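If you read the sequence shown in PDB author numbering, its first letter stands for residue 7, the second for the next number, and so on.
Take a look at the structure below.
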Amino acid sequence: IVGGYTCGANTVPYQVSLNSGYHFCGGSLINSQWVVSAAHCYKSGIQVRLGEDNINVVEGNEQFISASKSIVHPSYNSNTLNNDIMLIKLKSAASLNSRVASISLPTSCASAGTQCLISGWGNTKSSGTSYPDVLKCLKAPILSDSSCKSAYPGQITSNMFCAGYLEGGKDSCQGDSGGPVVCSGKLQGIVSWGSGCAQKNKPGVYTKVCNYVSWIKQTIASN
Ligand SMILES: N=C(N)c1ccc(O)c(Oc2cc(C(=O)O)cc(Oc3cccc(-c4ncc[nH]4)c3)n2)c1
Ligand SMILES: [Ca+2]
Ligand SMILES: [Ca+2]
């Protein structure tokens with residue numbers, strides 16, 4: 007996250023860190039046994055870290071649980087990043103408390119202009135590299151589809167939305183992938199891709215969650 011602020015320990019209780027010996031992607035807890043992340047974050051041997059603030063310090067409210075099953079969306083296309091969403095089932099149920107909570111699925115899509123909260127442990131520099139140890143937050147509006155498509159001709163599908171600022175300076179970035187985009191209390195997006203970070207006229211691109219609720223609900227119920 008570029009140009010955001012320190013969230014504060016456990017202010018985003020549904021935020022998950024995917025670890026394979028190090029942090030490599032964010033995720034969202036949707037219930038005691040399931041996590042939603044981006045398909046491009048798929049790896050074998052994932053450990054889900056819940057209740058995290060500083061990812062390099064054991065602060066006391068963490069739960070570390072291995073993944074038993076990973077399910078990449080059936081139509082995920084690694085070339086276009088169309089349908090960039092995956093579900094991760096935990097080995098054992100997480101213990102929900104004030105620091106570890108689930109986020110609800112939307113009952114409808116959100117309008118352009120709606121303010122969202124994006125969070126992650128990704129790079130905080132526009133051009134350069136600096137990774138934070140603590141969770142970073144950013145408030146950003148969903149952009150009109152026409153501005154999204156104008157920034158990335160021929161690359162935006164109906165399963166994607168842009169959020170951010172056209173003027174640059176504030177965005178998600180490498181390390182934030184798979185992380186939540188919450189608008190009006192519902193998970194509306196997943197950090198997917200971009201062109202650089204916080205660059206002018208290059209907003210962040212996010213998986214549009216509202217198109218996947220029946221797939222999510224049906225998949226979890228059968229696994
Ligand atoms: N500014 C952001 N909001 C943002 C969010 C997450 C990131 O990881 C990110 O940074 C990057 C970094 C690269 C890279 O170094 O190769 C690729 C990428 O997008 C890709 C990667 C792979 C494919 C594509 C692609 N294919 C066709 C459309 N887009 C884009 N995103 C930026
Ligand atoms: Ca801390
Ligand atoms: Ca920690």
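Just so it is clear, CB atoms sit at the ideal spot from N, CA and C, and this is done for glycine as well.
Taken in chain order, the complete beta strand (DSSP E) segments of 3 residues or longer contained in the segment 63-99 are 69-78, 92-96. For a cut-off of 8 angstroms, the C-beta gap from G32 to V42 is around 10 angstroms, too long to register as a contact. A157: member of the alpha helix (DSSP H) spanning 151-157, first to last residue. Cβ atoms of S76 and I91 stay farther apart than 8 angstroms, at about 12 angstroms. Closer than 8 angstroms to some heavy atom of ligand 3: that describes the Cβ of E65. For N25, the closest C-alpha among the options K49, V18, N85 is that of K49.
Cα atoms of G160 and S150: separation of roughly 16 angstroms, rounded to the nearest angstrom. With a cut-off of 8 angstroms, the C-beta of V140 is classified as near ligand 2, since at least one heavy atom of the ligand falls inside that distance. A distance below 6 angstroms between beta-carbons, with the five flanking residues on each side excluded, links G51 to the following residues of its chain, in chain order: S26. CA-CA distance, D177 to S101, rounds to 32 angstroms.
Considering only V54, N67, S84, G184, the residue with the shortest C-alpha distance to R105 is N67.
Judged by DSSP in its simplified three-state form, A146 adopts strand.
Ranked by Cα distance from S133, the first of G175, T120, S156 is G175. CA-to-CA, the gap between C143 and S228 works out to about 34 angstroms.
For the 9 angstroms CB-CB criterion, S190 and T120 form a contact. When the Cα atoms are used, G202 and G14 turn out to be separated by approximately 26 angstroms.
The beta-carbon separation of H46 and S152, rounded to 26 angstroms, does not stay under the 8 angstroms limit for a contact. Within the chosen limit of 8 angstroms, ligand 2 does not reach the beta carbon of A157 with any heavy atom. Rounded to the nearest whole angstrom, the CA to CA distance from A146 to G170 is 5 angstroms. For the pair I7 and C179, the CB atoms are nearer than the 9 angstroms cut-off.
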